[PDB]
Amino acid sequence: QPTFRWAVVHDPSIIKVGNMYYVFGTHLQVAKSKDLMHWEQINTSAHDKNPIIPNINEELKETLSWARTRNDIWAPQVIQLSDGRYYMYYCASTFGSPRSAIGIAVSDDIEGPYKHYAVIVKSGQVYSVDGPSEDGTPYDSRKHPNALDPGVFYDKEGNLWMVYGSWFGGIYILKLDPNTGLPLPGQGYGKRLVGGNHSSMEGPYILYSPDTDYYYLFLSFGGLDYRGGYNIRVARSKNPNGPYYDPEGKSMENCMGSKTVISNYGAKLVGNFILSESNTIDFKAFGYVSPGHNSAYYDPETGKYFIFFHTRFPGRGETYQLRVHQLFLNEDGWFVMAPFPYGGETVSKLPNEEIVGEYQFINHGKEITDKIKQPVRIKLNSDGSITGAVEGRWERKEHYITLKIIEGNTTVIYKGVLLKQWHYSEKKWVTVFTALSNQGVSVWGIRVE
């Protein structure tokens, strides 16, 4: 019987230190958990007297100076580097301002205190005063990134890379020197991977999967607010520095434009939804609004993958919390997200008896939208048919499920996983599935039991 206690961490970056998992996020929100379920809140704001960075205003005067803010840093990620020490990549900025910088702070202990190390990327240079951008040319917030949202990771060859960006000129990758954690010289902003021209995307994170030998790029498309339609998107590459491709085979290098256009690309993992049969705001029902800015983790001791993200909730406005879901790999080597938060579940072959039945069916679609999707009712029947709200065919091999679902003029194939999970609102073990189509659409099914 899982129980949970969540923490308030916005833009949470996962790091394992010992037998403890730690998330760091915006406003210096920090919390730790042994079990991924019960979180202990360790810091809540970047007030003068916080313990992670005391007197941050003086400690990080270089970045905060640059970004004209105080008593804040956004999007921190702590990584342990090869010297043994903890390196917190962070950014400082102001709301929707291209005036920002990625900095680094450093500590021998995970929980701090962190001190000033480097400022490594800057944006919003006003040529007359500051001279040019990082690439030696005049800054221009259409084609250059906003220096925010560092995602740092090692490649399977021990090279070190930072992916970063938010809106503005897009998402870029810089190769880093593993001994120092600073960018190698003369790459400027790096190589563009996604976006450009004020595309609505931020929060890049690249996780390497030893199970598929691909790098996955995860992004957040849209507004973080209650009405912003924040959703999580995935792409993948053989290479850490791309190019990244979505499940259709489009290149993420081509992903740029209005919200309408960029919604076409990527695999949308999740967006707004509520498991209520009565309305779009039902506090007894499980639901999220604007889930995203995630990170990810591969636990090599168990073989499981997790995603760490923030979310708002239907009817609850801006209030948010940390959530942790298991991610699974489907037959085609794409991630699908467990419908409910992680409850110690470990996939396994289910017999028919546990698969056949009536389901609540959520099709998260492809749009950047603030709409709170609600389920329909489908049936997985013993003869392999699907009926009710949709028509089609299902089949499974082991834990891998395939649904062939008639949708207008066409048959859409979704491929995913089947498993028992804990029903977060219903407090009981149910069968669920989670599958993904080639056009990048995610469907979750929760059996009605």
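Sequential numbering from 1, following the sequence displayed.
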Do the CA atoms of 128-136 or those of 209-217 have the higher mean B-factor in the entry? 128-136
Comparing 303-311 with 346-354, the one whose average Cα B-factor in the PDB entry is higher: 346-354
Just to confirm, going by the entry's C-alpha B-factors, which of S107, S251, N363, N231 comes out highest? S107
From the entry's CA B-factor values, the highest among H293, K379, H325, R236 is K379
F153 - which third its CA temperature factor falls in, relative to the rest of the chain: middle
Using only modelled residues of the chain, where does the Cα B factor of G440 rank: lowest third, middle third or highest third? middle
Among all modelled residues of this chain, ranked by Cα B factor, put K49 in the bottom, middle or top third, i.e. lowest, middle or highest. highest
Entry-reported Cα temperature factor of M88, expressed as the chain third it lands in: lowest
Third of the chain's Cα B-factor distribution that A31 belongs to, per the entry: middle
